[PDB]
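Following: one structure in structure tokens, then a few remarks.
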Amino acid sequence: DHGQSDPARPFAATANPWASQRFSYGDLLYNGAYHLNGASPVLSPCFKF
Amino acid sequence: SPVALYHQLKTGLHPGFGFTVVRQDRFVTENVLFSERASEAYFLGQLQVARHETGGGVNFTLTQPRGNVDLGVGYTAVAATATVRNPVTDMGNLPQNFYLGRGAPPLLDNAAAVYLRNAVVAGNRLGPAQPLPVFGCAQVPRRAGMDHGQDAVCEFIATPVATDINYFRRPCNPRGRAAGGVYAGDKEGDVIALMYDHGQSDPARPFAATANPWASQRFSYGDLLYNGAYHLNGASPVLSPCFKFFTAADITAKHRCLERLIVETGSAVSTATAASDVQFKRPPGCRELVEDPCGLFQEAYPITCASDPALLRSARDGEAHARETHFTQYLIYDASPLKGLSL
Amino acid sequence: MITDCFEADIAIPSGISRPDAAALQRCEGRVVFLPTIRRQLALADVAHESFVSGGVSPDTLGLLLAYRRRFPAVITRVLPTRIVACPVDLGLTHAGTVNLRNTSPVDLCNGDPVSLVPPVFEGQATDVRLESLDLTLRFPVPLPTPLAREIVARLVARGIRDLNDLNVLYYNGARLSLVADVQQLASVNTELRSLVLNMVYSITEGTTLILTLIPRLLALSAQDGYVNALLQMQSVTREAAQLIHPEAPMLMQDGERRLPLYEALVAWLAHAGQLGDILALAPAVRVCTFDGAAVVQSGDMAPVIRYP
Amino acid sequence: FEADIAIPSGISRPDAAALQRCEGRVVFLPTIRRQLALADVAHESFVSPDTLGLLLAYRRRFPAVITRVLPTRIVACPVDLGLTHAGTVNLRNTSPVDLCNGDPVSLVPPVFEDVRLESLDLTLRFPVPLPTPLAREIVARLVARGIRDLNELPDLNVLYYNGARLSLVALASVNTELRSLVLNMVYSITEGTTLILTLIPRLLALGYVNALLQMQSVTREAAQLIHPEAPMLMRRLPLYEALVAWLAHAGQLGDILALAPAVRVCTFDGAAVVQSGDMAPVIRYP
Amino acid sequence: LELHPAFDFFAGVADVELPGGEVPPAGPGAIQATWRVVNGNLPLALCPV
Amino acid sequence: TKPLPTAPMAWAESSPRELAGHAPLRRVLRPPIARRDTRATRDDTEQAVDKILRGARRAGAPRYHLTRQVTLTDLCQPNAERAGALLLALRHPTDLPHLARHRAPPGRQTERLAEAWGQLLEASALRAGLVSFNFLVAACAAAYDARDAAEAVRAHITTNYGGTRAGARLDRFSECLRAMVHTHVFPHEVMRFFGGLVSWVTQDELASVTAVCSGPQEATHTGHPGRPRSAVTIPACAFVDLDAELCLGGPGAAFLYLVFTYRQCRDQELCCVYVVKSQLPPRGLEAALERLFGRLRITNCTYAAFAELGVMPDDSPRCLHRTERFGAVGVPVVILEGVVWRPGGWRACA
Amino acid sequence: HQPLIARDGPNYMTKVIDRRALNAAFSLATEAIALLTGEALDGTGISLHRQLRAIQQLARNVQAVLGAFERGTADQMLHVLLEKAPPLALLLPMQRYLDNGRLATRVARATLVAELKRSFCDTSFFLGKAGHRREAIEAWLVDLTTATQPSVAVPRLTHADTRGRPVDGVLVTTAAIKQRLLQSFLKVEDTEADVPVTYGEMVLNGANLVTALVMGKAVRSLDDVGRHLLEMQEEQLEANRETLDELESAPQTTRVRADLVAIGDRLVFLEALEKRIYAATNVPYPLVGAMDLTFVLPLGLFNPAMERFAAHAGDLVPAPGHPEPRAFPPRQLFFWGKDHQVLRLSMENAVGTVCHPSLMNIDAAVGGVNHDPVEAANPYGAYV
Amino acid sequence: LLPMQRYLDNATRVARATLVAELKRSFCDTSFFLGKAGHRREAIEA
Amino acid sequence: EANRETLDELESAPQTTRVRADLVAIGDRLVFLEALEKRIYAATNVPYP
């Protein structure tokens, strides 16, 4: 929800638009749901974020 | 003009104002007592069983009338404040809205008014989600999640640019002219004579009448926003910190005896509630007991603050390492109770 | 005694002067507006400082409007340490009979329902003030329901004059007048909205049949002295026939299965006769003196039996 | 608590037998009082009032249920007090309507059709213990009956409750018995609808008050206004003074036609529907 | 409506192929997407002058 | 039997005031006013005779008004539902086809209510009965806000109620309810409160249900000597507070209400039955109905109808929100505690 | 009795008794009434073994109720003393002022309010600030102990050591501090102390009133009034004489485990209660308090003339060829948020206090200034 | 823990929040210890 | 009796012997200070947990 503040730093909604928001650029890559890189055995560190 | 500004502020201009921001905070300390061979006489009564009936069954409720007498002449017991735990209120920046409040006559154009409001309340950490209920109080939006603790509510007292900063490097009074029965003399009109009489000179800094021509004087732009008298913000729940400074009827009401005033800032009742989400004028049911230095002294305390990050970074090294003022910039270095805690 | 009585106990504080404490011993038959039905309350929740909103204590016409958000209760006995009141709605006493006290200037009768009204009368607004505590107790006035509807009616009509005398009454040959007072417009708005929604909904298609009968009434008021007295000297319908020629439409939509006037009465009763209950509060109390008399005078107590 | 009503002497054999019949029947009395005369109960104590006069009387008098009848005195438990004291007191139907369980029951004056004692030389009329959903209906049908005689339908004279049929016709004496209510129910409406009609175009006071009114008047009230003001019109008219005169009068008729329930039937180990002529266990207490 | 670095998401006019004519219909909208081409198309708030 | 926590143990026996009150009256004196200046049984049944004497040598304790009714088992099932549910009496349905001919507005199908009710009699048979409250929730389940727990109500009704095709009883009675509001015969004009369940008697096609028409709940001797206790249970879709939705968090006795919501549209008419817990006056309740349910106001005469149901006498009233078992079905059930039943009458619309 | 010293050259105290009431709720359930009453009983042991289960449920609850009262007192005291207790930082100025001057010259009243503010600001939280040092804190404890003037009451018995030395008072802290002090800053010079047991009683000299039923009127019957008086006043002494005979009789002192610390010249019970009492209840340990401070941050003000400068030449230099954001009038702030964030607070947050239509409500002022009739000045620019 | 135990003895929405701050900074600091205060002594003993 | 002799408590003491291990006194209590990687986990390829 970017109509709201950020529990961490409330005065802004997010630090990036390109990452936070659903269907952002990031979430398209790194959501385990979209199951993009699931083939490669190499760890993806940010998978849990 | 309330419209003309919303441009000049948002878009980066500096008009001819400046504000002294004010906010309140709460810190959970750990105290210590002391007492003496007999510092209190304590009378305990006899028990009373009261049988009541309820769908769940019978109830007994026991009572024991008790009483307290303090037979010490003078101060027979002492509390002190040792250390500090987590400060409850986050020390944040949350501006106050007057749209939560209500009771001001709207500017005449129903177009222009609704134009401002929709361009202020919209997207606000604070301002009302729903339109105002005709009775009661507008509710602050619920927040998805919280972190640091409840959020302080700043306030803005518009003040003329020229007043020297060096007023703020020392604990001061937001109103710009001191108040309170503490300083006053013995006459009837004294406790008032201090505040609103600008013939005389400020007891805090006698070489001037006031540091805020706008905020000090009766019927000024200052009083109108913050008083008990004008009930301007009386609608909204959100705690307004400067309330206790400008409210005139409270100061005169207090008594002047110092032997007493000390004790009664030990136990003083909060004007705020930690239990709330953001910060709220306390509900009458719950009471917190809080020690207010600022209850007696009608002062506030400055913080480490700067208009540049650069000039700020030099503060953490200590005091005498801090460059106070670069060209137009400036730094403020706190005098407080918290001075050395490294909190 | 949970169902029979209900001892809601208003506690009395420690510091009260003996002239102020003995001033509460004359607070026997009163009405206390309990916010909830807690068994332990304080005077601050009873006194007028509980009634006040943020910065605003409302006028007498608004002083009704949070009585009905609360629970009226009658003081049973004033102990030195506490004041005990049974709520009216739950249960009256063991036997179910509590005593009030006429703070009215008006004498009561047996069996008449008794409505309680804020102190609106002149020379009457007597609030027992605690000087030792800075608390006021605005004790309402128990009144007969043929007055207590008119007294609300004079106040509601006074606020609508003030959107463009009236404060004088009579009762059994006793002239009496209430306090002329400026009214907050916020209080009048909920009243005027409560009139019209009960007035618009009280109109049905069958009422146009009744409207046709207006010149029959003035044809009847010239012969029956009962009708000649019923309308008024200053009635509207006597003036609303010399400029008005009413008529009914010929046919009704599905006029075979439905009743025109029977639907007109039920919608009238549910909104127009119901309307006095919505302005004031309900008279849930009548007086049944068992052996005393038929007329209960002012200042005296009166036995109370609950009223459906 | 149980009061007493002494029968004065000089009673024939059927006049004691007729009072033996009305065992569980309802009686109005002036005050809760121990000793009481039978002339206070009878129809002579009311003077002959109309339907309007009886309803004003039945609010002021105190209803009581006759319990077991002694030959010397009538013992009657008052409804408001001794029934909150005693557990459950029986009550005989004199209604044609059969009572179900759980029905709140009010009383109606005997408009339909009355024990007369000759040796004591008095009549006894009695209320009719019928349920409160019917009670506001049987009145409103008869008020609608009297208006048509001031110039009906083949229906409106037949009522259905619990599979049972009634006939309110079953007449001109009843119509003059009810003529004063017709003269008040007509006038309280004709005064009412005009004050609605002569105020909303007079003020329509604006901002959101008239706008929410007009939102309610969007072809609903203003169409009803323009339909009535077509056969109507639009010095000083006493508009504000007539509202007090109207709210006092029209507020009074809601009190009279309220017909509050006193009887609440909680049958136990018995029939859930009590027939006509039978006795029903009655409480007014939780 | 800023979800991705390389695209723009705006409110279009749904159910309109284009170029359609002088005065597009008042019909409802749907978020569309186009490809930013070069850098400068980045919003000034996100690449300050 | 005389323990030694005596001042409480004698206090629970019904005191010293009754001893001292009879002391100045009866224990002293000649004053009031005087002159001036056979192996196992017997003694098993023989002490039971003495237990009757123990029942006779002696005898707080609240009162009741128990009610019974011979009740057909078509709509409600007192065996499937446990003791401690709400119940609802009805008018007799022969008044239904005639009142719909006069109360329905012109232009509406008055034949619809007599037809929909007639289809129900042929669907539960594959006579003023009783509607249980849980059965009513699955009927109005297609109008709620929380629709999944309404299906949890529908999950156990189709498996635990006695009869054939219980879902066909539901979807026909819900069609009856859509015929109620359409013919303007409102369901509050038909549904009458009948007291909370304590026990029932089983028989073929009918059951003899006992209930408290007025009084408290938990101290009725249920018949089971191990547990004469049965809490009041309500499904989660109908339980509505006004202490949380209006920020009234103070202690005090909490009232219990029934509330109908009416939506009057062309063949899409909603019904919702809610149990409203409040600290409010019943006259100070209609304004609270205006604040919440204004959505059904516009789509429609009032949209709401309500009556009293009972009172919780607790200072801080205690509620539960659990998942109990009706057979094998877990239903989110709001269990209420300590309810003192006092009924009342409905309030009007037209 | 005030000391009075004879100088060359040319008293009762009445205090109001506070009054309070403490509560507990004991409630049972219907299930167990039948058993205790005796009603549900049978001959079966099972019926019986169901009692004992519900007899013990009183013993458990009764005790846990009666217990809540001894913890009630121990609660109240801490809640009381906090309300007798001026904070230290505000005292030490006072005790210097009352002892020496105790004088009404406005300057004296004035010179405190200087000393109060600055004492308070500095010494408020001491162990947090100077805690690392030692000879300080050893002198801080000694201030607590000497800040209170002894009280009037002399008790019948006196808490004492094993040796019998008396005990002058009680420190009460949290446990977090107590552990700290007992390592470095103190020594525990006793373990078991002697404490009185019996409560007190009162001696009754009352107003003795009679209402005496009387049959017949004669002198003897009347003299009985005078007689019944003496009878009644004879009774009080017999009542009182027992109490003194009881207070001398009962056992008096027992042995108790508690810490006795020698601070300075005086032995002191050093105790931290959060375990005995406040452990495992919903009640907070009252000794953990609160603070309210209020801070003042300026936004857009502007430096004076003398104070616009630079500490050096090339001090803060923008990249060559670029403007200096330093030299502009500043519209922002920066300060440290709670957790060590750099917050930012700038003009644009003021909107909520300014853009509001309120700032154009003048009408209080115009009326408020014109109460007093104002003269007519030169009206050169006020007139068109 | 050391932060938790302090919290378990008081449960608003706020109290929960400061715990989080309390835990983080207490973890980011006292996590490994003898590598940090290892040279000191009074700190380890405590 | 509310409290009793706890049935758990009526067993007589077992046979105690003498064993070499280190008792450190921390604070007010005694504690075994113990390290097991010799007694156990020695020459057995299980890791030390």
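Labeling convention for the structure tokens: chains A, B, ... as they appear, residues from 1 per chain, ligands from 1 in order of appearance.
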Write out, as a Markdown table, each residue of chain H that has an atom at most 12 Å from chain I, together with the closest pair of atoms and their distance in Å to one decimal, counting only C-alpha atoms, rows going by chain and rising number.
```
| residue | atom | partner | partner_atom | distance |
| --- | --- | --- | --- | --- |
| H:44 | CA | I:26 | CA | 11.7 |
| H:45 | CA | I:26 | CA | 8.7 |
| H:46 | CA | I:27 | CA | 9.1 |
```
Could you turn the residues from that selection into a file that holds N, CA and C atoms, as a compact mmCIF listing (two decimals), in the first residue's frame?
```txt
# COMPACT_ATOMS: atom_id res chain seq x y z
N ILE H 44 32.50 -8.10 31.03
CA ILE H 44 32.21 -9.51 30.84
C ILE H 44 31.66 -10.12 32.11
N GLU H 45 32.31 -9.88 33.23
CA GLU H 45 31.80 -10.39 34.49
C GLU H 45 30.34 -10.06 34.68
N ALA H 46 29.89 -8.92 34.17
CA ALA H 46 28.49 -8.54 34.24
C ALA H 46 27.68 -9.06 33.08
```
### Task
Fewer than 2 positions away in the same chain doesn't count, so skip those; otherwise give me all residues within 7 Å of range 30-40 of chain E, counting only C-alpha atoms, as a list in words.
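With the cut-off at 7 Å, the set is residues 6, 7, 8, 9, 10, 11, 12, 13, 14 and 42 of chain E.
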Interatomic distance (Å, one decimal) between CA of residue 118 in chain C and CA of residue 141 in chain C: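 Separation of CA of residue 118 in chain C and CA of residue 141 in chain C: 5.9 Å.
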- Task: Considering only C-alpha atoms, return as a list in words whatever protein or nucleic-acid residues lie within 6 Å of residue 107 in chain D, sequence-local ones (same chain, fewer than 6 positions apart) excluded.
- Result: residues 127, 128 and 129 of chain D
**Study point:** Within 8 Å of residue 84 in chain B using only C-alpha atoms, minus same-chain residues under 6 positions, as a ChimeraX atom specification
**Key:** /B:27-30 /G:125,128
Check: Given the choices B:111, B:144, B:215, B:120, which gets closest to residue 10 in chain A if the distance is worked out from only C-alpha atoms?
Finding: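 Of B:111, B:144, B:215, B:120, the one nearest residue 10 in chain A is B:144, counting only C-alpha atoms.
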| message | Please list as a list in words every residue within 10 Å of residue 7 in chain H, counting only C-alpha atoms and excluding residues in the same chain fewer than 5 positions away. | response | residues 1, 2, 15, 16, 18, 19 and 22 of chain H
Output C-alpha atoms of each residue in that selection to a file, as a PDB file, in the first residue's frame.
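Result file is result39.pdb:
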```pdb
ATOM      1  CA  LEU H   1      15.800 -12.070  25.763  1.00  0.00           C
ATOM      2  CA  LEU H   2      17.181  -9.346  27.993  1.00  0.00           C
ATOM      3  CA  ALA H  15       4.596  -1.387  23.637  1.00  0.00           C
ATOM      4  CA  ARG H  16       4.970  -4.069  20.993  1.00  0.00           C
ATOM      5  CA  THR H  18       9.384  -0.334  20.942  1.00  0.00           C
ATOM      6  CA  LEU H  19      10.270  -3.951  21.664  1.00  0.00           C
ATOM      7  CA  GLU H  22      14.777  -2.643  21.571  1.00  0.00           C
TER       8      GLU H  22
END
```
Coordinates-based distance that separates CA of residue 90 in chain D from CA of residue 283 in chain D (Å, one decimal)
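One can read the CA of residue 283 in chain D to CA of residue 90 in chain D distance as 8.7 Å.
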Practice prompt. Write out as a PyMOL selection string which residues come within 12 Å of residue 1 in chain A when counting only C-alpha atoms, dropping same-chain ones fewer than 3 positions away.
Written response: (chain A and resi 4-7+12-14+17+20-22) or (chain B and resi 143-145)
